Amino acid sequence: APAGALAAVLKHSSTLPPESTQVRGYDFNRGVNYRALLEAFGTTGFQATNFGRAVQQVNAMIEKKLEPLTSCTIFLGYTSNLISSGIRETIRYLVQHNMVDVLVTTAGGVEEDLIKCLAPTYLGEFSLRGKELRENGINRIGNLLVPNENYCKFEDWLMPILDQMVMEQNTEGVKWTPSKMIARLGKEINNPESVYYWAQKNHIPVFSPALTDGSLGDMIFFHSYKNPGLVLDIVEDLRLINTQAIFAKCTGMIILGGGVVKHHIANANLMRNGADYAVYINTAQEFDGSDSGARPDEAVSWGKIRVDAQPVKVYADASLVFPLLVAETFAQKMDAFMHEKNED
């Protein structure tokens, strides 16, 4: 056998350092111990390991937070479609129990939470044809379906509130911004199944710079014809979110998906020289030079994440991962949260 070929393939190696963790997956011969099965992800490799790490990093934020400012200001960001999904329940739970501090989502993430209190979203298929669906008035979101009548009901619900908002603006001197509007819609919906009803109740601000990009915008638009004048200033909202990071004793970022939501939270944290913790769960890739697909390490170069931080990105659809992440972090600490509220 050729010497050079042998030497290249049979290259010797020393042993790995003692601290080295072995790849080992869950052993079903033990039966189904879910907690152990979930912890086993950490040593399974690839994204499972990243999920194992995410759990560890979210638990660090929490522990830190449990040490009105708190010991750690957690920013929760999520894309609109995630509110279209069942993750709406997951998010509402965190908000309901005051487990997070700031929320940021896109227009869809706001409106669809309120509309779900008016009518449901249904399961459909990615393959459903647009033409046939349009002829029936059915809007498709992935493999989900939103009957257009939901938006017609949304209008009936929203319009009178918009009458009042423009009224307050012009007589009571109210300066509306996306966050202020969202807090108002949340109080109006007055439904415990709503994320914004709880955010409003627990004084958790919700930022959404492009609140006009969706149904709410459609309604504001049509309403402006009979009632012009409504102003939504995004500048004051910039101030609000930014000072939230600046005056934080410590920060953690939990971001599902990318886009404006991901960037907005990271930019707020740049104001304090970087977030202390960061866990992302998104499907975007770096190859196209996009922000959405950028690895956390890129954020480090900008100063958005502390150089000493240990950000974690799980490359996966958050509809499958977020509830598992919550099961092993926030849901395990319920009693701990209640404790700080003097309820346990």
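Residue numbers here begin at 1 and follow the sequence given. If you superpose the two forms and keep the largest set of C-alpha atoms that fall within 1.5 Å, you have the rigid core.
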After a rigid core fit, does 226-234 or 253-261 show more C-alpha displacement in 6 other deposited structures of this protein? 253-261
Checking the other entries of this protein that model its neighbours, is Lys131 missing in at least a third? yes
Would you say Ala294 is missing from a third or more of the other compared entries? yes
Does the entry skip any residues of the deposited sequence between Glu67 and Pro68, and if so, is it 1 to 3, 4 to 9, or 10 or more, or none at all? 10 or more
Selected stretch [higher average CA B-factor]: 141-149 or 227-235: 227-235
With B-factors read from the PDB entry, the higher C-alpha mean of 305-313 and 277-285 is in 305-313
In terms of CA temperature factor as recorded, identify the highest of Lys175, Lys116, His263, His97. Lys175
In terms of recorded Cα temperature factor, pick the maximum from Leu82, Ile241, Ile255, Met167. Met167
Per the entry's values, where does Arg184 land by CA temperature factor relative to the rest of its chain, in the lowest, middle or highest third? middle
CA B-factor placement of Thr329, once the chain's modelled residues are sorted into thirds: lowest
Place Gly108 in the lowest, middle or highest third of its chain's C-alpha B-factors, as listed in the PDB entry. lowest
Among the chain's modelled residues, which third holds the C-alpha B-factor of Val9? middle
In terms of its chain's C-alpha B-factors, the third that includes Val55 is the lowest
